[PDB]
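This report concerns only the one structure given below.
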Amino acid sequence: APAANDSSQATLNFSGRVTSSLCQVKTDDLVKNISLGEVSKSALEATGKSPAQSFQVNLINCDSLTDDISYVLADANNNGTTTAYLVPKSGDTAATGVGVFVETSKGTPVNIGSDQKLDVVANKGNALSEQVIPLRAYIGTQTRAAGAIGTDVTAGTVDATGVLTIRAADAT
Amino acid sequence: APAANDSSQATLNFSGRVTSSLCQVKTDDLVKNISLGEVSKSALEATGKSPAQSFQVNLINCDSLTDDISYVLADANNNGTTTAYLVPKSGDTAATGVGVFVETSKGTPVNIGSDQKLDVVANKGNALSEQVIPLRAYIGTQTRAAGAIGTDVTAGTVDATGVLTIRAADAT
Amino acid sequence: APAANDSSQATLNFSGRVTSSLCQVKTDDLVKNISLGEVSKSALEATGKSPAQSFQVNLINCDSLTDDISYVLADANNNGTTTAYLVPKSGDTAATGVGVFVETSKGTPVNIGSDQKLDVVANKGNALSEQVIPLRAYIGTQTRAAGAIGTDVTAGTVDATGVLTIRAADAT
Amino acid sequence: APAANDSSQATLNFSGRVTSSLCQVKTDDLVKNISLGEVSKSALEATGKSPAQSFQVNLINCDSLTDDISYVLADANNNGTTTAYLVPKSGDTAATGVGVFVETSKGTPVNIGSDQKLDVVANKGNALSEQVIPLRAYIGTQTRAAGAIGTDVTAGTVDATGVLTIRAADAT
Amino acid sequence: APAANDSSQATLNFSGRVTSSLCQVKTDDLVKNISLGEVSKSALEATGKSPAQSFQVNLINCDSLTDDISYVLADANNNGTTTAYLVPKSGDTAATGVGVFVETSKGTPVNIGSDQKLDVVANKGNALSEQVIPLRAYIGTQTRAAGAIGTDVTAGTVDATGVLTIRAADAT
Amino acid sequence: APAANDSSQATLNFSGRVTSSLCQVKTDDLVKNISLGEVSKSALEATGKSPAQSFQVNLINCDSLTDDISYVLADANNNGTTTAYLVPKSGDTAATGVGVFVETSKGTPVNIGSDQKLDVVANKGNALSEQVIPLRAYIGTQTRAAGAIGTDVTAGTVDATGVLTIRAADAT
Amino acid sequence: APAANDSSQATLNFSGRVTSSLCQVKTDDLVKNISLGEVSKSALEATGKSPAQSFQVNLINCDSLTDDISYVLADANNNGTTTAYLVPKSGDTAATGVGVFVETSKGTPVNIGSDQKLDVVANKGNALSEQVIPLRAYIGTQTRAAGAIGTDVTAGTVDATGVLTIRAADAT
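Chains B, X, W, E, D, F and C are the protein sequences, given in the same order.
Throughout the first sequence, residue numbering follows the deposited numbering, covering 1 to 172 in sequence.
Throughout the second sequence, residue numbering follows the deposited numbering, covering 1 to 172 in sequence.
Throughout the third sequence, residue numbering follows the deposited numbering, covering 1 to 172 in sequence.
Throughout the fourth sequence, residue numbering follows the deposited numbering, covering 1 to 172 in sequence.
Throughout the fifth sequence, residue numbering follows the deposited numbering, covering 1 to 172 in sequence.
Throughout the sixth sequence, residue numbering follows the deposited numbering, covering 1 to 172 in sequence.
Throughout the seventh sequence, residue numbering follows the deposited numbering, covering 1 to 172 in sequence.
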């Protein structure tokens, strides 16, 4: 007779990548969930910004001979270098009139699609295995000035996603 | 020839809000994880409760003109005001006959869906930025009386979720 | 017109249990973080160990009639009784060939999965409320002998997870 | 019938490292919490600094043949040697225009990422087990001059994190 | 080949503030650990109090032109002016029906959230650098009268927290 | 606009208890720090002990009707009645094979966990307010005999913690 | 029902050491508190010093076969042997431009890090039980010359700490 369908299963979906870079991105940092604050009414009408939150992307197991490291912040919901911010995704509750700005830890803006340079940490000519890219981010009005709810800005959720492309190689 | 698929990426999912309130909820208080105790057998049969744990929800960057602040405790797994506790979620190991009761720091019950009042702290008429909502919660039997395991309660984990809605606004 | 999505929210995730034991575990001890030392090269090559650190797990609100308390040490990353240590987790920076050993405060090895006995401290036949389990732990080589970096051990981080199951019951 | 989920558990998370240095870092110095003062308004307008506080990093169980010890101060929220201070993290209540300057106990500035040398204490050619790194720290204005709250500084909290990498080796 | 993860490190978490006050609070008075007595049975039943202990909060480096100094005692586990005591925190062993009353060194009660005044010690018109706030505290029943363990009070621990906000300003 | 975070603050963490005993423990004796000597090489090889130091535990504000007083010595790093000494805590520098032996002021041994009797000092049928518990202690080898460093003992620090549970009652 | 938390507790934290030296350091001398003078304006501008104060260090229970005693003064807030003084610890009230100079009872400077020789006092070939190290100490300008407050020296408190390592051995 046909065999009975009484098996107990567990499905394991593995995933990964093969890359040409010399430095991994830490397995816990391949998908970040950076939680910015709330653009309350008072802050919105006063300065048009929320306080900036710091975060990092950690490289790990870098090659000893790594010489140059550079990264690019490319928006995953837009194309072109005309916008300074990251455009949030639309949806049922999406809030219109705001965007997510990213900056370097000292306040220098990070432009979309423009590559920055990272300085390798070396000890006696060998690069250390762990290296860190420090960054900032905050929600602000698209016009970079105070806004009033309903005139230009609207209340709701903000969900924006960016992608960092990292290129660690040996110069010569 | 087609370009090689050899890039190294990190995905940065930002999130936030835009609200009409005048006070932020502190960025690390947007998702609490309050760990209550264990309702051991002796405690369950003696008075049917666990000792209550204290916790706070901190507001920050409040507007100077904030005058009236209120909050509402709402359940994520139930609707209506007929129930006094927060209903635990169900699952493989969830326990039956148990609920989560929340209270103010002095022991006055915090009913679901009924708004409370928070007294604002001000210095010379201008509210201080940082303001706190103190609360307290314990796991107890639904009947609010002692009860052994088997007859009405069953061993397992207790996981419940509440949601506080906070409305800081200027009276006039 | 449809309502505006402009609420300010805080999420409160309560968690707990309902057990069959007579004794609680102190709410601060449901998740321990014991920070063992560093197995430097000198101590690695000398005896293959680090100095042993001490830690405790406190029971509280025990029942007056508690007659017997026993506990079992179980591993979160291995099965059976064929190993003496706790196998570290694996990751980008995990070190290989080292494990974590746990001992009673006097140096009696604590085996994995074998019941230990805890003497209840009493006052005139009624057990006190608070009772303590003292333990000790160190990082060592799996072979339990000196060993250099390269031949068997490699440098990295060490993370291990055990779980104590405590059974306070009244014999009769 | 299926077993009941009524076990009482305590979770033990052990952690540590394995290294290549010949000296341990004292188990309680692996994570410091230095509490610099408060940069009051008077001291801010006078010289833009707070009084320098002292702290230590203790090495223990050094090797008898330890010949050379060097330590490097790396900032955990910035890259490169473009800055003399440690850039504070950002947040809801962070203060702008401020940084944390570190120094040797005698007032010699400690630059970021540049190797220092530590003299080993010896008794007849054998290094003593314990050896101490003394340091200073103070909160100061980024421009290294007086500055009023409003024009360049703003009131708030200062949190900075630096990392000391200690390398003990035997020259020959 | 990838670099090896063999660094030995120490983490330094600096912290601090920036304020608009003219006076510092002494760096070791930013967090007091005041140890009140033990409310024995005899003392509890006689007058429902423990003998009151003294403590101080020292300001330092005040401004030569400091003129007006005020402080406010704010409770960290309650809001409003309804209560005279600091509400103890709740937990596994906390004691019910008890509070922590604060007073001036002479015995005048200190109410929560009500401005007090401090006289500034001056020498020829210029305020001295160091100035002191002497206080007193005791653990007494909530009803302010005798009470036995069982009927209203219960044995346990008493942890309570207040926060002093000091405002030293130049009136003119 | 949002209020500024420019407050200067002091935190006051009060602590205490509510007990069932009639006698307080003097608030300075709740946490003793008793310094024993140094077990030198000569005294270690001669008799394996250090000269015994004396200390006290003071009770104050005893009830007039106090009739019976008792106390017990309990170890904080060990269990049971097998061992006659207090097991030292483990750490980077802890010494092996030595313990702390406690004795009555005359030289009688005080065994762990077995209650002693304290005579109540009275004046005309009513107990005096203050009553003292005199004790003694020293560091000595666990074998209670001579022992050399290297063979069984090892040079290091010694930290041990006992706990005195005092039970003053009115028998009748 | 769960037992009540009503015990009365006293905590005894013992401490000590096991050493290899033949002589104990007298238990009252393990932590000296030497109180130097005040460097007033007159002495500061005359010679930049305060009068030397005499202190003492007692050794007790020496072995009868002791033959060679040597002691080294090590600073606990500095490293190396370039400085002749002990660098004061920094803080809110510390004074700049000042240092502590230590000397032998006859005026011979005691350089930090270099061994000194103590002569054993014997009676018929056997060392006495008690032996003494006499010393001096004074606060002086770091330039070892007259200084003026407000130019190279600032008024304030001076706190410094040294550590004598004492090594008593039997030559043959």
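Here a beta-carbon is modelled for each residue, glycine too, at the ideal position from N, C-alpha and C.
- Task: Run down chain W in chain order and give the residues with a C-beta less than 9 Å from the C-beta of residue 137 (chain X).
- Result: Proximity of chain W to residue 137 (chain X) at the Cβ level (cut-off 9 Å) is accounted for by 12 and 14, in chain order.
- Message: If I measure Cβ to Cβ from residue 82 (chain X) and keep anything under 6 Å in the same chain, skipping five residues before and after, which residues do I get?
- Response: Within the same chain, residue 82 (chain X) has no close Cβ partners at all.
- Query: Does the Cβ-Cβ distance between residue 115 (chain X) and residue 85 (chain X) come in under 9 Å?
  - Reply: It is not a contact, given that the beta carbons lie outside the stated cut-off.
- Task: With a threshold of 16 other CB atoms inside 10 Å of the CB of residue 108 (chain W), please say whether the residue is buried or exposed.
- Result: Burial call: exposed.
- Run through the stretch 45–82 of chain F for me and flag every whole beta strand (DSSP E) of 3 or more residues, listed as ranges in chain order. 53–60 and 68–75, all fully within the stretch 45–82 of chain F.
- So what does DSSP say about residue 43 (chain B), is it helix, strand or coil? In this structure, residue 43 (chain B) counts as helix in the three-state DSSP scheme.
- Query: Which one or two residues does DSSP pair with residue 103 (chain X) in a beta bridge?
  - Reply: According to DSSP, residue 103 (chain X) bridges with X:109 and X:136.
- Task: Could you tell me whether the stretch 92–102 of chain B touches the stretch 14–24 of chain X, using the rule of 3 or more Cβ pairs below 8 Å?
- Result: Remark: three or more beta-carbon pairs, one from each stretch, lie closer than 8 Å, so the stretch 92–102 of chain B and the stretch 14–24 of chain X are flagged as touching.
- Task: Examine the Cβ distances between the stretch 54–74 of chain E and the stretch 41–52 of chain D and report whether three or more of them are shorter than 8 Å.
- Result: No, the stretch 54–74 of chain E is not in contact with the stretch 41–52 of chain D.
- Pick helix, strand or coil for residue 152 (chain X), following the three-state DSSP scheme. Three-state result, residue 152 (chain X): coil.
- Query: Does residue 134 (chain W) have its Cβ less than 9 Å from a Cβ in chain F?
  - Reply: For residue 134 (chain W), the answer is yes, since a Cβ of chain F falls inside 9 Å of its Cβ.
- Message: Quick check on DSSP: helix, strand or coil for residue 93 (chain E)?
- Response: The answer is coil: DSSP assigns residue 93 (chain E) none of H, G, I, E or B.
- Item | Proximity below 9 Å, CB of residue 29 (chain D) to CB of residue 57 (chain D) | It is a contact, given that the beta carbons lie within the stated cut-off.
- List, in order along the chain, the chain D residues whose C-beta lies closer than 8 Å to that of residue 24 (chain W)? What residue 24 (chain W) touches in chain D: 92.
- Item | Continuous beta strand (DSSP E) stretch holding residue 123 (chain F): start and end | Going by DSSP, residue 123 (chain F) is part of no beta strand (DSSP E) at all; its letter is neither H nor E.
- Could you tell me how far apart the beta carbons of residue 21 (chain D) and residue 41 (chain E) are, in whole angstroms, since I believe they sit closer than 8 Å? At roughly 6 Å, the Cβ-Cβ gap stays under 8 Å, so residue 21 (chain D) and residue 41 (chain E) are in contact.
- Message: Using a Cβ-Cβ distance cut-off of 9 Å, determine whether residue 4 (chain D) contacts chain W.
- Response: Yes - at least one Cβ of chain W is within 9 Å of the one on residue 4 (chain D).
- Task: Could you tell me which of X:159, X:168 and X:155 sits nearest to residue 4 (chain E), measuring between CA atoms?
- Result: If we check each option's Cα against that of residue 4 (chain E), X:155 comes out closest.
- Message: Does any residue of chain F have a CB that is nearer than 9 Å to the CB of residue 119 (chain W)?
- Response: At least one chain F Cβ lies under 9 Å of residue 119 (chain W).
- Query: Which of helix, strand or coil does DSSP assign to residue 170 (chain F)?
  - Reply: Here residue 170 (chain F) sits in coil by DSSP.
- How close, in whole Å, do the beta carbons of residue 153 (chain W) and residue 147 (chain W) come, if the pair is a contact with beta carbons under 8 Å? That belief holds up - the Cβ atoms of residue 153 (chain W) and residue 147 (chain W) are roughly 5 Å apart, short of 8 Å.
- Message: Any beta carbon of chain W sitting closer than 9 Å to that of residue 17 (chain E)?
- Response: Chain W, which has a Cβ nearer than 9 Å to the Cβ of residue 17 (chain E), makes this yes.
- What residues in its chain sit with their C-beta under 7 Å from that of residue 27 (chain X), if we drop five residues either side in the sequence? None.
- Message: Need the endpoints of the beta strand (DSSP E) that residue 10 (chain C) sits in, please.
- Response: Segment 8–18, the beta strand (DSSP E) holding residue 10 (chain C).
- Can you tell which of C:105, C:38 and C:92 has the C-alpha that lies nearest to the C-alpha of residue 54 (chain C)? Comparing Cα positions, the closest option is C:105.
- Message: Which same chain residues end up closer than 7 Å to residue 117 (chain D) when comparing Cβ atoms and leaving out the 5 residues on each side of it in sequence?
- Response: Around residue 117 (chain D): 70.
- Proximal chain D residues relative to residue 30 (chain E), where beta-carbon distance stays under 7 Å: Residues of chain D passing the Cβ test: 10 and 11.
- Just to confirm, are residue 60 (chain W) and residue 24 (chain W) a CB contact at a threshold of 9 Å? In this structure, the beta-carbon distance from residue 60 (chain W) to residue 24 (chain W) falls below 9 Å.
- Task: Flag residue 45 (chain B) as yes if its beta-carbon sits less than 9 Å from any beta-carbon of chain D, otherwise no.
- Result: Not closer than 9 Å to any Cβ of chain D, the Cβ of residue 45 (chain B) fails to qualify, so no.
- Item | Contact under 9 Å by Cβ, residue 18 (chain D) with residue 139 (chain E) | Going by beta carbons, residue 18 (chain D) and residue 139 (chain E) fall inside the 9 Å limit.
- Item | residue 132 (chain E), buried or exposed, once every other Cβ within 10 Å from all chains shown has been counted against 16 | Result: buried.
- Message: For chain C, check one thing: does any of its Cβ atoms lie closer than 9 Å to the Cβ of residue 33 (chain F)?
- Response: Interface residue, yes.
- Distance CB(residue 149 (chain E))-CB(residue 63 (chain F)) smaller than 9 Å: No, these two residues do not count as a Cβ contact at 9 Å.
- Taking only the alpha-carbon atoms, compute the straight-line gap between residue 32 (chain E) and residue 79 (chain E) and give it to the nearest angstrom. If you draw a straight line from the Cα of residue 32 (chain E) to the Cα of residue 79 (chain E), it is about 22 Å long.
- Message: Strictly below 8 Å CB to CB, what residues from chain D border residue 166 (chain W)?
- Response: Residues of chain D with a Cβ closer than 8 Å to the Cβ of residue 166 (chain W) do not exist; the shortest Cβ-Cβ separation is about 15 Å.
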